[PDB]
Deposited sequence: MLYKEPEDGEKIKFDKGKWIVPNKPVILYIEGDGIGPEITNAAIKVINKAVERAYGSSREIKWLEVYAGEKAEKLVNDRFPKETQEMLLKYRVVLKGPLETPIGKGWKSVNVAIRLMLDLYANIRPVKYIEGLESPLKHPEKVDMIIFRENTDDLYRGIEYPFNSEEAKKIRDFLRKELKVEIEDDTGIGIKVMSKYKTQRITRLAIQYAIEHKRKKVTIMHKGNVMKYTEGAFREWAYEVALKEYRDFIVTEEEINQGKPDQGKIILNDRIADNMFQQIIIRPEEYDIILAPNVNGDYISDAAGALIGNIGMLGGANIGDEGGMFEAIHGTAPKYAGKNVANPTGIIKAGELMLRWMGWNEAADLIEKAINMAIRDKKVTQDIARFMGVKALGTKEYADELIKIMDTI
């Protein structure tokens, strides 16, 4: 056996995806390549303090390190070892550092069935920002991570498969396509749409969020994006009636918006409104391609994209990770910024229901940034001495001990 499960631990469980967490949950973690070992072990240190300072031994994460990537290769000769997979299907929750793409990330998502990609982007107190007023950006994107025309159903223009489709459409649908065309089949799932809409509303109800906007270009693509918006509304009302209110209803004769507001906006002006009035958005729900575009812009609203964390949640499991590469160039030098992976840890806490410790990490970070206790990649523009990876983590801990 490679691993030795913590006998004082207990698997996190799921009921209708409610995610029920024990006082001593076993959580997996993969160091990752490059800077991973450093930012991740630093993350695990700040989270434990955030847990003990908020619950004081009444709760404690029993970490279990599994191997994947170059560590697994340089030790067991398998970049993704069977024992590692068995621990993943059993414990179902991993905080994983960055891993090169020499696939492991896809493998994990597939085997745990993580369909929803979550990207929370809120401004942190004293960071540089391309915006003049970023101090209002507090949104979280919910992306259905295997649904748009990312499924892969496409063919080169000079392929016979493409010829088959062109012949088909021409006589079976009376649709005429030229020969010099590349063809892709965009597919929009009803089930997939409903599954992610549930997660979005659920999350809003658990963390008492107020607005849930649907990003869509359903005015032009009626049966894919348009269908998405329709279904989203359908299941939101057929299943969470007592919790939400359509924008069309408060803007009507049955107001009282003291609960979740489900509304929608065409995707065209979306890119405008996030750059000029980011406060207009809270929780954004959209298909796979939109979410890939909207989120990158989102994170641009507030510089230091590598200080954000994300997640991949499924009906029963989750994977959390910083949103940056392995930076093999700064590996083992105690220079890298561990904020990105610590922020994934925070998100992992929120999902866990442990909002008190999540909130501590957030406050600790905000404090340190405005107090100039930062790693070199930020202090460069904050003209002050840079703190190392371990030191930055310790400053957070040292701060956390004095709320």
query: What gaps appear when the modelled C-alpha atoms are mapped onto the deposited sequence?
result: 103-108
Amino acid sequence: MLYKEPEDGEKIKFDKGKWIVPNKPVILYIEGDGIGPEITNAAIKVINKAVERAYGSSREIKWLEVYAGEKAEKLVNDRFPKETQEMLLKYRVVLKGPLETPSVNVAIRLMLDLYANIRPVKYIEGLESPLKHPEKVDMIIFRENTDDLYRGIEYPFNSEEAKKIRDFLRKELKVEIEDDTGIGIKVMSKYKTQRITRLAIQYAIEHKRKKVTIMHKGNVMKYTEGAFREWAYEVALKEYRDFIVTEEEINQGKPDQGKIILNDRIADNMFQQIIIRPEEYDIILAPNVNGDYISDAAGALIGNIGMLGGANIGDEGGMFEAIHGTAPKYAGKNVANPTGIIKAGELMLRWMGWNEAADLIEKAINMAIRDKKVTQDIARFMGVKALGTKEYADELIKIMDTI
From here on, numbers count along this sequence of modelled residues.
field: 317-325 set against 298-306, stretch whose average Cα temperature factor tops the other in the entry
entry: 298-306
- request: Could you check the entry and say whether 388-396 or 8-16 has the higher mean CA B-factor?
  value: 8-16
- prompt: Can you tell me which of 151, 96, 92, 190 has the highest Cα temperature factor in the record?
  reply: 151
- prompt: Highest CA temperature factor in the entry: which of 184, 226, 81, 278?
  reply: 278
- prompt: Would the CA B-factor of residue 142 place it in the lowest, middle or highest third of its chain?
  reply: lowest
message: Considering every modelled residue of the chain and its Cα B-factor in the PDB entry, is residue 350 in the lowest, middle or highest third?
response: middle
Residue 164, C-alpha B-factor rank within chain (lowest, middle or highest third): middle
For residue 375, the third of its chain into which the C-alpha B factor falls: lowest
- prompt: Comparing residue 273 with the other modelled residues of its chain, is its CA B-factor in the lowest, middle or highest third?
  reply: highest
